[PDB]
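In the deposited numbering, the protein residues as written are 1 to 207.
From the three backbone atoms N, C-alpha and C, an ideal C-beta is built for every residue, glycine too.
Everything below concerns the one structure shown next.
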């Protein structure tokens, strides 16, 4: 399948795409403002993620640091990213359908549209100034708005036991982005698409 990753923001991002234990395609790439990067993801992938990283440095070989979303210091992510990271999430060709979501469960850093480029299903977006509003205790020095599980490590915020409810903080993300997951047991805002759809991830969409 095809993912076209478009930086519509006015600042450079370093896009990332991983499943957790391996890169997807090249695993990451600088995107200056306006730059598009199309990747290939295998049918049937489960639990894929696409995110932005901000304020990175990488040297000639590719090792470095980013202030949000860092994946073990690699330009080319083979693992997931340090919060706060807004997340595009997907598992493809499940049993005849792909399923797409955007998640604020690791926080928010960059506004995002995740829309299908082929018919049948609707996209999802979170574009609100979450970082401009972000509750004071959830702010990340380095940039972004952390989730409460990251800042406080409690069973309730982290839904450790498989039981939890919404919180003042989950609800701060759900007031600003009802279509994105705001905590682990949120009512799902997942989208079911035909198997083998293609997609566009747009950062800063409304930019």
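Residue i versus residue j - alpha carbon distance
i	j	result
residue 135	residue 144	11 angstroms
residue 49	residue 60	26 angstroms
residue 11	residue 79	24 angstroms
residue 81	residue 57	15 angstroms
residue 154	residue 186	17 angstroms
residue 108	residue 205	15 angstroms
residue 1	residue 101	17 angstroms
residue 121	residue 21	29 angstroms
residue 32	residue 141	23 angstroms
residue 164	residue 182	12 angstroms
residue 63	residue 159	33 angstroms
residue 16	residue 119	26 angstroms
residue 76	residue 70	10 angstroms
residue 41	residue 13	21 angstroms
residue 196	residue 24	16 angstroms
residue 84	residue 95	32 angstroms
residue 216	residue 72	The displayed coordinates of the chain run from 1 to 207. Any statement about residue 216 would go beyond what the structure contains.
residue 19	residue 67	21 angstroms
residue 166	residue 156	9 angstroms
Closest Cα partner of residue i within the set the options
i	options	result
residue 98	132, 61, 46	46
residue 5	53, 20, 57, 22	53
residue 171	113, 202, 105, 120	105
residue 127	156, 174, 92, 44	174
residue 169	152, 160, 162	152
residue 37	43, 44, 27	27
residue 86	111, 44, 156	111
residue 191	139, 147, 88, 166	88
residue 199	166, 147, 19, 114	114
residue 188	103, 137, 150, 67	103
Pair within 7 angstroms by beta-carbon distance, residue i and residue j
i	j	result
residue 131	residue 179	no
residue 29	residue 202	no
residue 116	residue 193	yes
residue 39	residue 3	yes
residue 162	residue 93	no
Residue i: first and last residue of the uninterrupted beta strand (DSSP E) it sits in
i	result
residue 17	13–18
residue 9	Residue 9 -> no beta strand (DSSP E), and no H or E assigned at all.
residue 31	23–31
residue 64	64–68
residue 125	124–126
residue 139	Residue 139 -> no beta strand (DSSP E), and no H or E assigned at all.
Residue range of the unbroken alpha helix (DSSP H) whose run includes residue i
i	result
residue 172	168–174
residue 151	148–152
residue 36	No alpha helix (DSSP H) contains residue 36, which is instead part of the beta strand (DSSP E) from 36–40.
residue 131	130–133
residue 57	From DSSP, residue 57 is part of no alpha helix (DSSP H) but of the beta strand (DSSP E) over 54–58.
residue 204	Neither: residue 204 is in no alpha helix (DSSP H) and is coded neither H nor E.
residue 158	155–158
(request) Scan the stretch 74–113 and note each continuous beta strand (DSSP E) run of 3 residues or more that stays entirely inside, going in chain order. (result) Entirely contained in the stretch 74–113, the beta strand (DSSP E) runs reaching 3 residues are, in chain order, 87–94, 97–103.
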